[PDB]
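Take a look at this single chain in structure tokens; it is the form deposited in one PDB entry.
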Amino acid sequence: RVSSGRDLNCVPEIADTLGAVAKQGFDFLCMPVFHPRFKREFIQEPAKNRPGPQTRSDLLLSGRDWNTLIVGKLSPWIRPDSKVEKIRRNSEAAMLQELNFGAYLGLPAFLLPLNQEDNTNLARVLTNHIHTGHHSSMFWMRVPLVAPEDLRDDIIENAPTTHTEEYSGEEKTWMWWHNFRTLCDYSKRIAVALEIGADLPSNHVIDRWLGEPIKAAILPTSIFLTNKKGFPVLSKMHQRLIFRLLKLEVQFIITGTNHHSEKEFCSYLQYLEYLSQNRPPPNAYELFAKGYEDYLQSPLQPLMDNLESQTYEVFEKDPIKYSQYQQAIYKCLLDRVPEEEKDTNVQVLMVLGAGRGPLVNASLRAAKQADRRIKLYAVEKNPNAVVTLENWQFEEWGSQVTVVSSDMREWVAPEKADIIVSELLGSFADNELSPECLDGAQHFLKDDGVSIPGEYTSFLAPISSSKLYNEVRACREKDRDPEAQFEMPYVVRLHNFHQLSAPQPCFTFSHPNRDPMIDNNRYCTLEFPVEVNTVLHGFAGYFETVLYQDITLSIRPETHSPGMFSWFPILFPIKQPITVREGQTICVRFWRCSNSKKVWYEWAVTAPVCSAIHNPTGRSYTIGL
């Protein structure tokens, strides 16, 4: 369900106030830690020597209550970027004081405003507090979708509101945040508390917050419409944005007095729970990929490493994938052996990289359904998986299945195959080295033989995500290049991100490969039209495969195979983020390189600006042959 908090700027008695917000159904409270009006002096006598206490006692709540129920708030008079020096200095000292009291109390989060363009000194003081003692505490930057100056009633006779379209000007508050978090060096402890107004901006402005670390959404009571019964409700547009924010699992903060006075503060909250419960439920893919949202994983290298038992088990937990393989073999047997030969022509089928046997059983189900005869060779290099295969062949399959414990590139086969079947594909199609493996095996395929899969193509799309860029950045390990995290791909359930252009094909492979001079190396130039103002953090990779004819598998979002969850997308990061303006083209270059020993990718952005070539010579990342 919804995790929600009450924002208040008036707490006369902390215990009663907390109890009231708890009664109303709120999970936490956003409140001042010093009195909002209590302006303090640190330099000038006599105000400097003001007798204490400077605030309320910590004794007023249990440690558990301070740690879990209270989000502190910076005093509104603290203005570190004021044009009055005396104010700047007192606000610096007041800012540290309040931030330090919050740290002292063990508060889980602390709100600071971004209500003007220049927050340089606010950022310097925050950055300096983060580098004074190592703490886990979060800083929530209260930022509005629409700056108050662009929201003001057009009631000033001699200062009219601009009635002209200002594409970049309407995105100004995103820049307030961008600059603030750039100055603070992408601290993981600095997130957004996005404040939503009565009138929503143009969609492009809402889309600017895509891929940003949004921890909370601030809903003022004043934005709620009144329904016929008098209950607080929202516009279809506001409702649309709430559903985006529910997918991001943000915490909802209710600010403002009750304007639906005939009801209680729990009625604002009740509506959100209603919207939450009434949203579409999670499908097969949405339930599978639950704890994997934006979780970076190393891509598997099944050729170099023998995969564990529980890895083949989740591989096998994909009915759509294997239904498709069955249908592809079924279609091929029928095309290869006509009805009058259905008892004289036994098709020699080879499962190349058979694992625990799901393609061996799929080949058997295909032959029974096609009413055709088959001979099977189950080739597996992983001796541990071969233990499953040999116990399956003895207990069930029988002499029909010949288990081969060999590398497919080294196996001297007794006879040629009619069909070679394999599932050597990774999230980027060829990243697990399916081309090389099948190339060294196709010598034992008949001159008129079929490969299932017969073809595969990778796709790339530019993405924006300050969340994932910061995730990659945090992957620094000792005793290696301090920047190697950015020169390697990740398999990730890409969740908080923005796709900047439609995917475009990258590398394609065909099996069998009839080239007289077979070359698996590649070089591809992609030009991506970008129609938004954004920041490029990397490239999302996907793939499509033709198993047999019209029988396909796909992880490209536009053509995604329904209900299939084997592969999550790949992510190729870039060391430095790149500013991209509306109408600009993102140009990327990708290479597939190899040795006798290893295979790797190198990539570089050459427009709107250049990047360094990533992973040169496979220095940071290689795939073992």
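We call the rigid core whatever largest set of C-alpha positions still superposes within 1.5 Å between the two forms. Counting begins at 1, following the sequence as shown.
Not pictured, yet referred to below: the form deposited in another entry.
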Problem set entry | Core-superposed comparison between the shown form and the other one - Cα displaced by 2 angstroms or more, from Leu425, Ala147, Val205, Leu275 | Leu425
For this session: Align both forms on the core first, then report whether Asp407 has a C-alpha shift of 2 Å or more between the shown form and the other one.
Result: yes
Exercise. So the C-alpha spacing of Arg473 and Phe428 changes by 3 Å or more in the other form; is that change toward closer or farther than shown?
Worked result: farther
Exercise. Taking the shown form as reference, are the C-alpha positions of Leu553 and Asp407 brought closer or pushed farther apart in the other form, with a change of 3 Å or more?
Worked result: farther
